[PDB]
Structure formats: structure tokens, C-alpha cells
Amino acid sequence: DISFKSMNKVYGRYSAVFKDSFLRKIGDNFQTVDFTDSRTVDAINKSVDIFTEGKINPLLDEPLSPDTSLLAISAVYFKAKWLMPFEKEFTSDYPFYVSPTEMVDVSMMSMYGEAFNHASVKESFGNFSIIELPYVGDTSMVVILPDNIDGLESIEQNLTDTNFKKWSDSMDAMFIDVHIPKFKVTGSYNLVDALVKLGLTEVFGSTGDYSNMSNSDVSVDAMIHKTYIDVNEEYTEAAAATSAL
């Protein structure tokens, strides 16, 4: 996209016979592989490593089951300079209230006297402010900060795509001083339990019906998401990858 790039790859076991309808929907992102060969996982991991500029590596941290029938992966990568970078000179140690009476040191970036898109939002599930920090190009970071020192959970659990658009649309340019942490975080998530709790009860394991993939039984037992973000004075860099197999 210029700041954001994405790819998907699908790997099917060479000994299975695939259905052309499925293959057509997947496009030219498909290849067959031998899951009994150890360098197979090495080559998939290297692909994702290179695409994510080293930030997701390895995606697959377990040897693959030699009985795998299909592995589906996605990877995404983002890096952009702030439109207005923070001055390191202003970065300094601040208390972060992880809870209202527990303070943990953070490196806080600060920018004074500039104008940003901003709104003050009043809701039944909590009052908050929202600001937009633009990147060079056509992306931005939008930050949602509760007015009450431990007010996030009720706002979080009312965050929907529609709400978010509504609040973002209400922002207008205002002079405001901004203080936000510099941070790096890596995540790794087992998506099966969350998706089951959301209603995907016949997707993972034996109840999953993927009979439209091939002439053989395909099961999907696991789904992992691995992520990386670095927020600093000059840029944000972010990457993620997802695997179902």
C-alpha cells in the first residue's frame, strides 16, 4: 500500500486431491508441499521472516504434524514516519498507572502546543477523549483515552466498528499537548478459544467441514496470531502473521 503490505500463502499436502473451485477462489497463492519434510517449516518461516522485515520469526514454532492437510498463512507489515515526529529531548520517565494506586515507570514522549484532530466523547459507558496522530502518507494512529483513571474496560467492551467511526468522524482540529508512551510489544495469541467464544463452534477440530477443499478429509485444529509493534519518536513499525493448520 506504500506503508502497509500484506500477503497470503496456502500450502496443501501433495498427496491430497484438491477441488478446482477452492483453488480458483484462492488464486495464485497456492502450492502443494510435503509436511513430512523438515525444511518445509523452515522455508515457510523464512518467507514470513523476510516479508515482515524480521519482526515475525518464527511464525511456526512447533514442528508441523506430518499429517497436516492444509496450512493457510497471512502476513502483514507496516512502517511509517510520524507526520510530526516527537523530539527525543522531551522524552522522559513518567508514572504509568497500571491501576489507580500502582505506578510503573514509562518512557513518555511529549509534544507541546501543536494541533491535532481530537474529540471529547460523552457516553453512557464512560467519557473519554480520542486523538489522531497522522503518519506520512495516508495512515494515522487514533488513541482512545478514558477520562477516568481506570475507566477503559467499559469503553473497550463497547468498542465497535460503528462507534469507532462515529467518534473518529466527530474529531476537529484543536491545540492540545500530547503525552504518549514509547513502547515495543510482541504478542502471540491462540485464536481458537476466542473464536469459539464468538460462535465459531464448528470451525476447529472434528466438527469442521472443509469437504469443499478436496477429495479427502481436511481438519483445522489450530490458529495462531503473532504480532509486533514499535512506537517511538520517529516512526511506528508493526507486523503480524496468522496461521491456521
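A residue's number is simply how far along the shown sequence it sits, counting from 1.
Taking only CA atoms, the mean B-factor in the PDB entry is higher for 58 to 66 than for the other of 40 to 48 and 58 to 66. Averaged over Cα atoms, the B-factor as recorded in the entry is higher for 158 to 166 than for the other of 106 to 114 and 158 to 166. Looking at the C-alpha B-factors along this chain, the one for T242 belongs to the lowest third. Sort the modelled residues of the chain by CA B factor and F183 lands in the lowest third.
Among the modelled residues of its chain, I229 has a C-alpha B-factor that falls in the lowest third according to the deposited record. Among the modelled residues of its chain, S15 has a C-alpha B-factor that falls in the middle third according to the deposited record. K122: CA B factor lies in the highest third for its chain, per the PDB record.
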